[PDB]
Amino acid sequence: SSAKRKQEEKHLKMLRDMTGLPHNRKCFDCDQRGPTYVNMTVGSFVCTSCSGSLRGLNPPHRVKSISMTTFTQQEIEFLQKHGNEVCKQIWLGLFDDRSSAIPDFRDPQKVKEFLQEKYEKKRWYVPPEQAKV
């Protein structure tokens, strides 16, 4: 459908507005490369390797392909209200970019433990209400 097409392409335009924002240009979890997936659980943009590790959490985070998913209006709007800068202030609100503890990202076991500390144990976490203000 053309009406279907119209909304689909609008969502992709909105998506590419977001993928060009500076914090969204690098994976939220490793900061080492460009994102290929969105992590819908928290509203971040992540790379494939980190997406694989996020699926190893329990419960696992929900990742969807940037290029292949047909995102809904609800999902696009959630992402607009989140993204990597908003997420940084929450999940990494206490993290110091110079020296806070990061894994060797070539190691899946260490990346798992790190993602657990980040999201489950909330080692560097500032609650969203505070983070926003």
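The first residue of the sequence shown is number 1, and the count goes up from there.
- Taking only CA atoms, the mean B-factor in the PDB entry is higher for 22-30 than for the other of 22-30 and 51-59.
- In this entry, 5-13 shows the higher mean Cα temperature factor of the pair 111-119 and 5-13.
- Annotation for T70, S100, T41, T36: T70 ranks highest, by Cα B-factor.
- Per-chain ranking of the deposited C-alpha B factor places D104 in the highest third.
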